[PDB]
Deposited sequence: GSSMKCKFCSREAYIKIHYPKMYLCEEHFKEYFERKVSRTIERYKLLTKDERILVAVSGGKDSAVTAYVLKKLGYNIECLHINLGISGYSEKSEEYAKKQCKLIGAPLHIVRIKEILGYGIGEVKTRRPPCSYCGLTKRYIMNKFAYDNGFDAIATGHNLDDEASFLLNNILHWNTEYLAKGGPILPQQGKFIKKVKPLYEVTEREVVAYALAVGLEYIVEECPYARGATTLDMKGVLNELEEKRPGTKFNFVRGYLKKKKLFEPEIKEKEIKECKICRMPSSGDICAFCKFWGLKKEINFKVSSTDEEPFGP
């Protein structure tokens, strides 16, 4: 029903804030420039850096890898196959597809193969959601550490951070609120984690994926409070535009207030940053040996 603000081509998307109608080609350029600005603003990455993009098969990580590669970054991708039968199989396939289109090396880690059982197979009263996050985070860091990557880039966008903030404020998880934001610096054996999509919304991600022809898993894991928070914040954004941004940017200014609400050791098994004698990952899976994630070359590209 409209036309592009910079050309005679028909409008593809309307940016709710700031108001402007852009076509496919102009939206891509805008979205890419918005990401580059997020990198520049928070000093996330340099061009002389080995980056590991944690791809899951979803839209978020797919676009992160695509944009970073288009912006000329030294990226490689990692897929952690959780081993959820009927889910994780096509999830691995979507990532292979995504990385082939992107033109980036893809490394695959299969939980069922290295640990024994997949997520939702462990004889535990603990929900799969609780230990899945802990398992994904460990393999992400250990893989990047063992292969000497400078940084880890996740798919987490503005909607993801706002819903994370809203949930944590409601439950007053001050320790989690203390360590949030677009960058988590290199501290010990913990690799620097960045969020290049921190300032963009899910609608801009969905639209970007569609335009660049990126296929992803829309369906979410069978084992959620996240979708509740996101809908609540979308309702608020309708009435008052800019809410999500002003809330997230405001949080970054006041993030210093939660510092006294947060407190160290090295694991006896994997030597990774632990709280006690043995780390949370090693204690859970009952591991006696260290998983070595060092690889000479990818599955698709050996030698």
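- Positions of the deposited sequence absent from the coordinates, in order: 1-2, 226-228, 269-271, 312-313.
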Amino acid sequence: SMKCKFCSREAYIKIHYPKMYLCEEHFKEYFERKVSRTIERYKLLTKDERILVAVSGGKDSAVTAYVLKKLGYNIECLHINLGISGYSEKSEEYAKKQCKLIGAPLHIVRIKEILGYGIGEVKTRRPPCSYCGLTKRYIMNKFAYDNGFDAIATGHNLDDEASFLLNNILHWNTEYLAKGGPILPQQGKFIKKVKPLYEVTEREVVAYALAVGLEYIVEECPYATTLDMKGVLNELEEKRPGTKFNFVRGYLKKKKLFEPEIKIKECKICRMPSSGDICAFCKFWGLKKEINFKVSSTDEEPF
From here on, numbers count along this sequence of modelled residues.
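- Per the records, residue 62 is modelled in every other compared entry, just as the shown structure includes it, so no third of them leave it out.
- Note: missing coordinates for residue 264 occur in a third or more of the other compared entries bracketing this position.
- Stretches compared: 123-131, 164-172. Higher mean C-alpha B-factor in the entry: 123-131.
- Stretches 47-55 and 266-274 differ in mean CA B factor, with 266-274 having the higher one.
- By the numbers in the PDB entry, the CA B factor is greatest at 220 among 76, 220, 199, 202.
- Ranked against the other modelled residues of its chain, the C-alpha B-factor of residue 86 as given in the entry falls in the middle third.
- Per the PDB record, residue ranking by Cα B-factor puts residue 98 in the lowest third of the chain.
- In the PDB entry, a CA B factor belonging to the highest third of its chain's modelled residues is recorded for residue 117.
- When the modelled residues of the chain are ordered by C-alpha B-factor, residue 224 sits in the highest third.
- Ranked within its chain, residue 187 lands in the highest third, by CA B factor from the PDB record.
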